[PDB]
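1. sequence, then structure. It's an experimental one.
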Amino acid sequence: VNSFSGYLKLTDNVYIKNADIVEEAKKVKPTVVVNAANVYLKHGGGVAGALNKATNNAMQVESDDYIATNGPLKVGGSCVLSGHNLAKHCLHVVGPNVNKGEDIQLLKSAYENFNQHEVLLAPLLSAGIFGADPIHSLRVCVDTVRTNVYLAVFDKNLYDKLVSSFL
Ligand SMILES: Cc1c(C)n(Cc2ccco2)c2ncnc(N)c12
């Protein structure tokens, strides 16, 4: 038993809810919250800017130190950093950005990062400002992630479409 409430069960391990990933993290304080990161960990808008804003920019300060030491992530890659006031840990995962020409095949590699963590609160990778088809992102999630993932979908309209079209 865990602290996640109000989720619709899609599979043995995948759950979904119409929720802002920021308000959900503040309420639950999960072990792992996933950020929809870019390779530079520049948390300008979308999930990364809302998560970063909720940390009062501490996520960006930590991220800049990480990049100054390690250089950029890979598209499809991740790093674990602090969750600040939102979670124990933040898993920064880089899904491909369709609006930059990145190979959508890298979405599966992105979701494979989630398997290193028993339980996660996450957004749909490449949804929102990343520009991918969210229906596709949910299918890759279900077919790739084997650990327990709690998906927060910001848009109520999209949430209802994801549920009603789910095979
Ligand atoms: C700010 C934000 C974005 C852009 N997204 C991704 C998305 C999916 C559909 C509409 O936007 C989010 N997803 C979960 N929580 C959030 N706060 C967000």
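-> Happy to help now that I have it. Residues are numbered from 1 along each chain as shown.
2. CA atoms for contacts and neighbours, from now on please.
-> OK.
3. dump the top helix by length along the chain to CSV, restricted to CA.
-> If you go by DSSP state H, the chain has its longest helix at helix 58-70. C-alpha atoms of helix 58-70 as CSV (Å, rounded to 0.1, in the frame of the first residue of the first chain):
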residue,chain,number,x,y,z
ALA,A,58,16.5,25.6,-6.1
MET,A,59,16.0,22.8,-8.7
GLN,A,60,17.6,25.1,-11.4
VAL,A,61,20.5,26.1,-9.0
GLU,A,62,21.3,22.4,-8.4
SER,A,63,20.9,21.5,-12.0
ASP,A,64,23.3,24.2,-13.2
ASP,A,65,26.0,22.8,-10.8
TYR,A,66,25.2,19.3,-12.2
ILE,A,67,25.7,20.4,-15.8
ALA,A,68,28.9,22.4,-15.0
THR,A,69,30.4,19.2,-13.5
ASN,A,70,29.0,16.5,-15.9
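4. residues in contact with that helix?
-> With contacts defined as CA atoms under 8 Å, 6 or more residues apart in numbering, helix 58-70 is touched by 40, 41, 42, 43, 51, 52, 81, 82, 83, 84.
5. pick the one among these closest to the ligand.
-> residue 51 (7.3 Å; CA to the nearest ligand atom).
6. is any residue of the helix or strand where the closest one lies near the ligand?
-> Using DSSP states H and E, residue 51 maps to helix 46-54. Yes. Using CA under 6 Å from any ligand atom, helix 46-54 comes into contact with the ligand via 46, 47, 50.
7. can you lay out those as CSV showing distance to residue 133?
-> Listed next are the residues of helix 46-54 next to the ligand as CSV, based on distance: CA to CA, whole Å:
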residue, distance to residue 133
46, 16
47, 16
50, 21
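8. quick one: which of those is most hemmed in?
-> Counting neighbours by other CA atoms under 10 Å, residue 47 leads the residues of helix 46-54 next to the ligand with 24 neighbours.
9. wouldn't it be in contact with residue 36 here?
-> Yes. Residue 47 is within contact range of residue 36, at 5.9 Å (criterion: CA atoms under 8 Å).
10. make sure residue 91 is indeed in a helix.
-> No. Using DSSP: H, G, I helix; E, B strand; the rest coil, the assignment for residue 91 is strand, not a helix.
11. my read: it touches residue 31, true?
-> No. At 10.0 Å, residue 91 and residue 31 do not qualify as touching, with contact defined as CA under 8 Å.
12. higher neighbour count, those two?
-> With neighbours defined as other CA under 10 Å, residue 91 and residue 31 compare such that residue 91 has more, 23 against 17.
13. returning to that earlier point: next, the angle helix 46-54 makes with the longest helix of the chain.
-> Interaxial angle of helix 58-70 relative to helix 46-54 (axes from the mean of the first three to the mean of the last three CA atoms, to 10 degrees): 110 degrees.
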